[PDB]
């Protein structure tokens, strides 16, 4: 009875006050404490050693209290801890144990979700140091780590990295490393105000499954020249992806170093997202070094329906090897994306591209094939000389382009001098529309500049949609490039006044299995005979031509040249025209030259 007042005011008080849901006689006879025990928050562990609550703030290190919360819920089989709204909770010290080797602050645990409604901020303890805010490994060595399963971070809250710069290039910084992560996700959270290597990483070298990042925001996560490299989300487990997210940088350094997403394992996706101020959109890469959990192949890779303003390359494809393992990249789709290179001087950032091959130092280890690039839009402003639909800078075993709209300086490019890629199965369908923004800016340049060691089993069907008489050629193959079993065509529309349409500096268009067609101007002379009369070319450069036809009107009454032509063993063209009256004729005509097509 005095006992009772004391019990009630004690910490066991709520366990003595009875409750039945809505006065329902059929419901469980409980105590208030039992209903309160259905939820848990940071407030339930944010206390001094005497149990008195501590208010968070800039002079309070909340880390041990959040850890205690996570540890405790973990011991009961899991649940969701709320990080309350209306407060900022500062983190002020490293964690201990298995996450120490990852510079971890907080250790995540299986089945323990965090509902971040308020704000998590890093204290100046972390200035110029490494850190990884949330870590799901439980060992300093990931190979000896257990898994993290069924861990979800969500809510309307914020992770703020406090604006501190990296102290040294070699340091790493992360928001969430799920670790060897199975059914883990981040949803709704804003990550902001940092200089970090990543915001979120998913999986570890192929170990993991079903990890996702959805409806998150990533804002200003690079701020210094010390930051060596940044990729906002690194996807290193299969069956995993990024969807409906927003990424934004404002630093100059971001334009040169930052990528929004890494897809590095099979059945991974990047969709429906908006990117601004980044160097790169996504790398789609199989690293042999990361092939332990899910094999040596990256397949079923999807980059779709994204919106981007970048300064470098939108999608970068690659693979590589180690002494003992070969990585392979195949079965990739890149579709529906609308991308522009932001306003910048030519050459002021890494070379602008929709697709780049990919990635490395060396360019003779890649195995990339069965890639489909379809129904995308790409735009670079007219002054950006270093803008291409594809910069094909390393070996390529296949990539197919259909029904894209590319409006930039080059369609296919690689720098001469540099690498000599071996190219197979490059398909550029006629349904790719080449825009006009760069018209008149192409003096000395080849629209398709095929600076390769070799090209085989490839299709390039060039279709202009406006004039550009500044360009040197539509497509040029240097003498060093071998060409075989390929189809190269230049549609005549908008080409009438071009000196060079297609150029084969080693006369590669003569190969037995090269199928070509392109316009050329040809001078022809007839014999004098009245009636049906042959016309022959004055030059002897057409031994390769299977047929040609006129692309010019005949201003004459008294005669007509042939509508169509074949060739002769000496390299002349020949056709039969008609002299109404006799006389030797001499004409200049625009022809479509054809070989095996």
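Numbering follows the first chain given and starts at 1.
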item: Of 528-536 and 47-55, the stretch whose C-alpha atoms average the higher B-factor in the entry; value: 47-55
item: Entry-level comparison of average CA B-factors, 424-432 and 89-97, reporting the higher stretch; value: 89-97
item: Of the residues 311, 494, 137, 218, the one carrying the largest Cα B-factor as recorded; value: 137
item: From 476, 323, 339, 490, residue of greatest CA B-factor; value: 323
item: Lowest, middle or highest third - CA B-factor, residue 207; value: highest
item: Record-listed C-alpha B factor of residue 549: chain third; value: lowest
item: Ranked against its chain, the third holding the CA B-factor of residue 264; value: lowest
item: CA B-factor ranking of residue 522, expressed as a third of its chain; value: middle
item: Assigned third (lowest, middle, highest) for the C-alpha B factor of residue 362; value: highest
